[PDB]
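Residue-level structure breakdown
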Amino acid sequence: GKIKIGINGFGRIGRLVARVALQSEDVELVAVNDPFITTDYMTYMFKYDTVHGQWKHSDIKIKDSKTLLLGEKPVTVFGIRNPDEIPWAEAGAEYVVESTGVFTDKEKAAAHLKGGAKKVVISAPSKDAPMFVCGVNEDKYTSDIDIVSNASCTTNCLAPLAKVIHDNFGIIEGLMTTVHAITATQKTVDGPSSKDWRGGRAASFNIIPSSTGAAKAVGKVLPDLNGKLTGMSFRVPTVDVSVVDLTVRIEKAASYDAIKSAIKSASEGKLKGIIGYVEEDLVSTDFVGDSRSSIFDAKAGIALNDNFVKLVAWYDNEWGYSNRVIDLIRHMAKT
Amino acid sequence: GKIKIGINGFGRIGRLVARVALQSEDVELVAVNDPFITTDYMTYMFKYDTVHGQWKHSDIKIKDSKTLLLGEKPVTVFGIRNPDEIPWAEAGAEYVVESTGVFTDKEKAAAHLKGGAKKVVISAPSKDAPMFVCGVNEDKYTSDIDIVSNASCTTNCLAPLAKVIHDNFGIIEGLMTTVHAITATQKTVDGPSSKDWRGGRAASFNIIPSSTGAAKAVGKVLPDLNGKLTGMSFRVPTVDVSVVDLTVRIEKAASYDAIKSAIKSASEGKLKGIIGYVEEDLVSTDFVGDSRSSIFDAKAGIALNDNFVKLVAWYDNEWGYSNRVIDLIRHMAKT
Amino acid sequence: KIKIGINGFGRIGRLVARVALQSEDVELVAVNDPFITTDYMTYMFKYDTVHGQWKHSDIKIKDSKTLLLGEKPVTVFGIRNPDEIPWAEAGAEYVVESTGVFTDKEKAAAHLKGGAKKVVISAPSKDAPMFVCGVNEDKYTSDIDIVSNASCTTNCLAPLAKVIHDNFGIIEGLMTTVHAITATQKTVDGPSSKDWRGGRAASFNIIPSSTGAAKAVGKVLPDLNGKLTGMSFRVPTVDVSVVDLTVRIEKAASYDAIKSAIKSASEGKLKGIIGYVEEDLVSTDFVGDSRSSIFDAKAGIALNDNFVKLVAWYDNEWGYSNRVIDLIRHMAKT
Amino acid sequence: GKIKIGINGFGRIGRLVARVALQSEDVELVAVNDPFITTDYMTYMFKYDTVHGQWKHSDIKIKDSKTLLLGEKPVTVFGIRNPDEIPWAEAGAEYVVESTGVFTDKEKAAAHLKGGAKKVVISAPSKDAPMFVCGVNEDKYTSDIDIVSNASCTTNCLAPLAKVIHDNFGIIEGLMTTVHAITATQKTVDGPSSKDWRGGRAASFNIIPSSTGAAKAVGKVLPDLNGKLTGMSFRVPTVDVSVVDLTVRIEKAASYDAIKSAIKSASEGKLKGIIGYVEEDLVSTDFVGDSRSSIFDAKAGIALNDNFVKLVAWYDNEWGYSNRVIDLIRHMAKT
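Residues numbered from 1 in each chain as written, not as in the entry; some residues may be left out. Chains lettered and ligands numbered in written order. Heavy atoms only, no water. Residues with missing side-chain atoms left out of burial classes, pairs and counts.

This entry, as listed in the PDB, derives from X-ray crystallography and reports a resolution of 3.77 Å.

Shown next, in the form of structure tokens:
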């Protein structure tokens, strides 16, 4: 039957979520709206990518410069700025992915109902919107909900990881630090930035300590962990891929070889597909294209003892998250 | 006596230009304006840099929410967006440096004048302003022209070179190409670029080529070389510095040495400090912080015959160019 | 049906391997390399950075010097001196000298001792006969056992020029190649007794490097001799390079006239060698483009019907690693 | 009292200790010897430095072949591929800075004595030699110990830190996660690295998780903290300056304010020159050329609870360290 959704904002996640859509069985992209991208550009954008190569799984021919015959199936293209104006219904979009980045408030992201959107999943943290992390609290969802936050490229990594170690060894207190690549919010040269004074520096030639909320966020998905965790971040000159680094003082004495078998049996378990397991000398690039939320590098980690350890978990901020986007609509539609 | 000027736009060129003035003893920066860099976020800027080392020539402290105080010599800051609405006259801007990559049109830049600024010098080739290149036509200036443009990071490099070869050889044609560094005009990751598609791709991950009017933009500074030139560019992952690839064909059959001797004996006194000469297995970074408008790589360059050669000229697009501003303005005030 | 062997398992060496395994033309049987173990190989060949991970078909170790690329096994050597690799004892007829230390007709002929019929050097050779694909693979008889497939750059600039030359005739020109860093560039300001510049930071500078790929053109295309030559700039990128060829032609022709001349050339007689693309693409846009040259329509600029700048791309690694296999396909059909 | 030094590893770390010596009003560089780099080539690498700026202090000319001539003072050159025959004293050098990183074994670096060498500082941990981290345990050097090791770019950071913290609050335990800038031990493109597989991956375009006993090393200069520390590393794409993401668990419940004032107070005290204290919104590069062994980033760190905090202190590996090297000599002699 396929869940008809509307991608609003054609950014990175914005089309990666697209790319992951037009290549499925249970979902179908029928319209995208980003006023800053003409259709004649919207194709080119979608077609070519520095990180995920050339499309070619359907052909791309513009039908009537406002459509976009995405090889057989059609996909309406809009340039409506205000979310209350975009006419989703008329085109046909039950669910609307929120990949524009400037409407995280449950309201500014709710303006999508008007147009006609039935359900709208905010593809970014939310100051007041139900945060659902696949494999952790996406279970705790109810129909009546119409506005959900799919957490952050990170969180979907830290949470599954935390739910693993915790359900097994209970996290006492723990600091996390993630070596993130650079996104569309960093300059290329020291420029102006009223929010992240530091992030307003050349992103390709420095290390920048951009603060996070991901862990203070895990307090949402996992309640018990609320307060036990926090952390930060380090932006770096890498294009894609990123990596968590949770250091926790578990409350159930166990060795590293035991915590590793844990994630593993958890990666082959219910969490199979969300949290991955890997025991091989790898490097950022080798995860470019990983459809998993969190990858566990059992060799990168280190343990000082059975009560204090440091765990490293890889994760494609772009690809993995973009899968977490559709995968949720897949859940919000089976409910 | 000590020309007082102000910069509109504290971008890379702003702070950098200031660094040339607040350093210089024949010019005195008096007022600045960047509607995006509130005073606070200004000190942290003007001081710490990622390409030209930290600032250590005069203490940087804020006297109040409306006036900095570099090296115990106050300077003012406005949060004004619209040019004209900036009280340039109040500080004492006998001159104003328009560096925002936007307001680069006679009328646009002509705004300032309203606030007071007796003169405005655009820092980017203008459509209706008379561009000049210190070391070529900076005499075609007159005290009757208020708005003027100061060539571009490149024009200031090709100009003086094509100058010395036309002044000593005979330019029939000759194409250019520039392996030019990034800029705050490009995106970090594949991003929408309204007018410059190629430019909307990952900055420090691609060999993004692009056109450069500077080519036959030098057909204005040196009216003699009309059409006799033209070229393009290649933006490569480099924070600063850039090089010129001039494949010129000449008439007066000359040997690569009869050139070096010229380009040197032309840097030894005619365009000394406005053009340099080096014969060393150098690289881009070696040129960081070079006030010369255009360095010549007496080695990297090649010759097919005494009539068809390739010449290479290194330049710190950022730093160097700047000194052309506070030299042009310096000169501009003498006439 | 054509068995081969590679000495030195570098990028080209591995990618030239990735070809023979996914091809139905050539088959990989030998792999000599003293600096990497059988156990280490099954990792330097698997997960890659520029060309991604190799999931195409399962890999597995059998028992040292033995390796399973799916179900087809490959002998793995560690001998250091070429003349001591028993190629003949594994089945490798053609020994691909993709190591970059043996480029002398004499030196790389050490395989010929190991019982290998012919050796294909994967780079310029001061004396061994050079043949660039699409240019003059015809100038090769079944009697030369020490050949060369020119360079990552010459395999690109070669066609592009010939195509222009045949149609509009070349009088004199020059070239530049904003090329990507390679195995012979230090990670940080280090030594290099031959290329000082080439020593400094690899991805933090723009290293100007000597290059006679244009000078080499002269050898694979007689009438173009002495009328070419250029330089190169080693900028901060992992792969793909570009050819900046500013040149004069005898038959004054509009830029479009070249475009179609070019475009029509890359549509029949040279299809799979040269390419023609008219879109705003970049470096990463060409990772894996098995072509030798790839003209960029909207890229180069013309100064008039008698002095234009033709620019073309070419994945130094893949485009080349592919042409090596293509020059073994030719020698295999003479 | 001029301490005559001798270098045996002219590399990123070798040239620097030379620069530091030529400016050290009390040290004397009299012999360099990285066999591969010659008297001609040597000048180049010493003069130009892609990172730490071009050398402008001295003048440096070449008096004959076998010897340089840095500003009036001659320095005997060496191209001896083996330590058992480098005539250190024959040229005059009580101390021999071992900067090859291929002779870290006491007996392997003792091949210097057999040439007329007295003390020999190995700028790299030794499996057997003694470790000293200036500001920490430089107390335990005894006139007799001829061969000594100088911790590491990394340890020479985590020690000043872990100390100023343990002294003031006592570390219960803790993990370190450093982000180092690629070095010569890497390859530019996926190449062989049999002793560190990951390492040989594209150094300029990846996130390679390395290992470093730097944290387990402090248990050698800090006897108490033995087995209380540990940690691995991440080599993101940069050139210089790094960070110590230290996660600890302190004894005396002390608020973050206090941990800042603890580092600071002692940063100006008995550790002046070793620890630093930045309370600004800085980034990577700003730390370039900072001789401190470990600058504390007051604003980067974050605390979960008054016992489990995360302190972050930057250190310019290459340069910062280099000094400590000399410093140990200024100390190894004065006793």
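The rest of the description comes next.
**Structural notes on the overall build of chain C**
The helix and strand inventory of chain C stands at six helices and 17 strands. In terms of overall dimensions, chain C is globule-like: its C-alpha atoms have a radius of gyration of 20 Å, near the 20 Å expected for 334 residues. Referenced to the eigenvectors of the C-alpha coordinate spread, the extents of chain C come out at roughly 65 × 45 × 40 Å. Residue pairs at least 24 apart in sequence account for 67% of intrachain contacts in chain C once pairs closer than 6 positions are excluded. (Helix = DSSP H or I, 4+ residues; strand = E, 2+ residues; numbered from the N terminus. Rg over C-alpha atoms; globule rule 2.2 N^0.38 Å. Contact = heavy atoms within 4.5 Å.)

**Topic: the UniProt feature "binding site: D-glyceraldehyde 3-phosphate" in chain C**
Residue and element names in this part refer to chain C. On the UniProt side, "binding site: D-glyceraldehyde 3-phosphate" is annotated at positions that read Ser151, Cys152, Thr153, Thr182, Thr211, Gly212 and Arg234 here. Mapping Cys152 onto the fold places it in the loop between β9 (146–148) and α3 (154–168). Leaving out residues up to four positions away in the same chain, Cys152 has contacts with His179, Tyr314, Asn316 and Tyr320. Tracing the sequence through the fold places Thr211 in the loop between β12 (207–208) and α4 (213–220). Among all residues touching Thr211, those that are not within four sequence positions of it are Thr177, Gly230, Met231 and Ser232. (UniProt positions renumbered as here; feature names shortened; annotations may be inferred.)

**A short note on the domain arrangement of chain C**
Residue and element names in this part refer to chain C. As assigned here, chain C comprises domain 1 (1–150 + 317–334) and domain 2 (151–316). Relative to domain 2, the C-alpha centre of domain 1 lies at a distance of 25 Å. Listed as interface residues are 18 residues of domain 1 and, on the opposing side, 24 residues of domain 2. Interface area for domain 1 against domain 2, summed over the two sides, is near 1700 Å², with a carbon-plus-sulfur share of 58%. Counting the surface domain 1 buries against domain 2, the share from its top three residues, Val135, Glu317 and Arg323, is 31%. Our enumeration of links across domain 1 and domain 2 arrives at ten residue pairs in polar contact. Of the residues contributing to the side of domain 1 that touches domain 2, the split by class is nine nonpolar, seven polar and two charged. (Domains from an automatic or database assignment. Buried area = accessible area lost by both parts, 1.4 Å probe. Polar contact = N/O pair within 3.5 Å; in protein donor to acceptor, adjacent residues only side chain to side chain. Nonpolar A, V, L, I, M, F, W, Y, C, P; charged D, E, K, R; others polar.)

**Comments concerning the packing of aromatic side chains**
Within the structure shown, the criterion is met by 39 aromatic pairs over all chains. Considering the side-chain rings of B:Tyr41 and B:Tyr44, the 6.4 Å spacing of their centres and the 15° angle between planes classify their relative orientation as stacked. In this pair, B:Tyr41 and B:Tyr44 both sit in helix α2 (residues 39–47), three residues apart, roughly one turn of the helix. You can call B:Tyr44 buried: its relative accessible area is 3%. Ring geometry for D:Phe10 against D:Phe46: centres 6.4 Å apart, planes inclined by 35°, an arrangement best described as tilted. Residue D:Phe10 is found in the loop between β1 (3–6) and α1 (12–23), and its partner D:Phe46 is found in helix α2 (residues 39–47); the two are separated by 36 residues along the sequence. Here D:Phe10 matches D:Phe46 in class, with each residue buried. One aromatic cluster is present, built from ring pairs that chain together A:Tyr41, A:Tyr44, A:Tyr48 and B:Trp197. Taking the ring centre of A:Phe46 as reference, the NZ or CZ of A:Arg19 above it sits at 5.9 Å. (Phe/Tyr/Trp six-rings, centres within 6.5 Å; stacked < 30°, edge-to-face > 60°. Buried < 20%, exposed > 50% of the residue type's maximum accessible area, 1.4 Å probe, protein only. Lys NZ or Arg CZ within 6 Å of the ring centre and 35° of its normal.)

**Things to note about the environment of B:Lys114**
Within the secondary structure, B:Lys114 sits in the loop between α4 (106–110) and β5 (120–122). Each C-alpha atom, one on B:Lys114 and one on B:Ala89, is 8.8 Å from the other, the two residues being 25 residues apart in sequence.

**Let's talk about helix α1 (residues 12–19) of chain A**
Because each turn of an α-helix spans 3.6 residues, side chains separated by three or four positions end up pointing in the same direction. Residues and elements named next belong to chain A. Along α1, eight of the eight residues are buried, which leaves the element largely enclosed by surrounding structure. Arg12, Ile13, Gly14, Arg15, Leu16, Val17, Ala18 and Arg19 are the residues of α1 that are buried. Among the structural elements, β1 (3–8), β2 (27–33), α2 (39–47), β4 (95–98) and α8 (319–332) are those in contact with the buried residues of α1.

**Remarks on the relation of the copies chain B and chain A**
Once chain B has been moved 0.4 Å along the axis and rotated by 180°, it coincides with chain A to within an RMSD of 0.7 Å. The superposition of one copy onto the other is thereby described by a two-fold rotation axis. Proximity to the rotation axis, assessed at the C-alpha, singles out B:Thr188 in chain B; its C-alpha lies 2.8 Å from the axis. A symmetric contact is evident, with 94% of the interface residues of chain B recurring at the interface of chain A. (Least-squares fit on C-alpha atoms.)

**Some words on the domain arrangement of chain A**
Residue and element names in this part refer to chain A. Taken as a whole, chain A is organised into domain 1 (1–151 + 318–335) and domain 2 (152–317). Between domain 1 and domain 2, the residue contacts involve 18 residues of the former and 24 residues of the latter. Interface area for domain 1 against domain 2, summed over the two sides, is near 1600 Å², with a carbon-plus-sulfur share of 59%. Between the two partners, domain 1 and domain 2, sit zero salt bridges. Its residues assigned to classes, the side of domain 1 that touches domain 2 shows ten nonpolar, six polar and two charged. (Salt bridge = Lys/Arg side-chain N within 4 Å of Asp/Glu carboxyl O.)

**Some remarks on the sheet that holds strand β6 (residues 147–149) of chain A**
Residues and elements named next belong to chain A. Taken together, the six strands give an open sheet; going across it, the order is β3-β2-β1-β4-β5-β6, and neighbouring strands pair in parallel fashion. Both outer strands of the open sheet, β3 (76–78) and β6, are each paired with one neighbouring strand and no more. Neighbour to neighbour, the strand axes of the sheet diverge by 25° on average, direction disregarded. For β1 and β2, the ladder comprises six bridges, and the chain directions are parallel. From the neighbouring strand, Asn8 faces β2, where its bridge partner is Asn33. (Pairing = 2+ DSSP bridges. Axes fitted to C-alpha atoms, helices over the stretch in contact; angles between N-to-C directions.)

**Describing the sheet that holds strand β7 (residues 176–180) of chain B**
Residues and elements named next belong to chain B. Reading across the sheet, the six strands line up as β8-β9-β7-β10-β14-β13 and stay open at both edges, with mixed pairing between neighbours. Strand pairing shows two members of the sheet lacking a second neighbour, β8 (208–211) and β13 (302–305), which therefore form its edges. Strand-to-strand twist in this sheet, taken as the mean axis angle between neighbours without regard to direction, amounts to 20°. One ladder, built from three bridges, connects β7 with strand β10 (residues 242–249); its direction is antiparallel. Bridge pairing in β10 places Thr178 opposite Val244.

**Considerations on the interface of chain B and chain C**
Each partner contributes residues to the interface: chain B has 48 residues there, and chain C has 51 residues. The largest per-residue losses of area from chain B upon contact with chain C belong to B:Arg198, B:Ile207 and B:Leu304, which jointly make up 19% of the total buried on that side. The interface formed by chain B and chain C includes six salt bridges. Note that C:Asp280 and B:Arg198 form a salt bridge whose closest N and O atoms lie 3.5 Å from each other. Counting across the chain B and chain C interface gives 20 residue pairs in polar contact. Within the residue set of the side of chain B that touches chain C, elements represented by two or more residues are β7, β8, β9 (231–235), β10, β13 and β14 (308–315) of chain B.

**Topic: the interface of chain B and chain A**
Taken together, the contact between chain B and chain A spans 34 residues of the former and 34 residues of the latter. Interface area for chain B against chain A, summed over the two sides, is near 2800 Å², with a carbon-plus-sulfur share of 60%. Sorting the residues of chain B by area buried against chain A places B:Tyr41, B:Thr188 and B:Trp197 first, and these three jointly supply 24% of that buried surface. For the salt bridge of A:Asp190 with B:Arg12, the shortest nitrogen-to-oxygen distance reads 3.2 Å. For the side of chain B that touches chain A, the secondary-structure elements that each account for two or more residues are α1 (12–21) and α2 of chain B. Of the residues forming the side of chain B that touches chain A, the biggest block, four residues, is contributed by α2(B). Counted by class, the side of chain B that touches chain A contains 15 nonpolar, ten polar and nine charged residues.

**Notes on the packing of helix α5 (residues 155–169) of chain D against helix α7 (residues 256–268) of chain D**
Residues and elements named next belong to chain D. Direction vectors running N to C along α5 and α7 enclose 115°, while the axes themselves pass 10 Å from each other. Considering the angle they form, α5 stands roughly perpendicular to α7. As α5 runs across α7, the sense of the crossing is right-handed. Taking contact as the criterion, the partners of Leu161, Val164, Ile165, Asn168 and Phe169 in α5 are, on α7, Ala258, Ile259, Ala262, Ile263 and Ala266. Of the residues that constitute the contact of α5 with α7, the class distribution is nine nonpolar, one polar and no charged. (Parallel < 35°, antiparallel > 145°, perpendicular 65-115°, else oblique. Left-handed = near helix turned anticlockwise from the far one by under 90°.)

**So, the UniProt feature "binding site: NAD(+)" in chain A**
Residue and element names in this part refer to chain A. Cross-referencing UniProt, the feature "binding site: NAD(+)" maps to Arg12, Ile13, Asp34, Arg81 and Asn317 in the present numbering. The greatest C-alpha distance among the annotated residues, which extend across 306 residues, is 26.3 Å, indicating that they are dispersed rather than converging on a single site. Relative to the assigned elements, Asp34 resides in the loop between β2 and α2. Taking the relative accessible area as the measure of exposure, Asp34 reaches 15% and is therefore buried.

**A look at the side chain of D:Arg235**
Residue and element names in this part refer to chain D. Here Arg235 shows up in strand β8 (residues 232–235). Among the polar contacts made by the side chain of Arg235, one reaches the side chain of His180 at a distance of 3.1 Å. In terms of polar contacts, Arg235 uses its side chain to reach the side chain of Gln186, at 2.9 Å.

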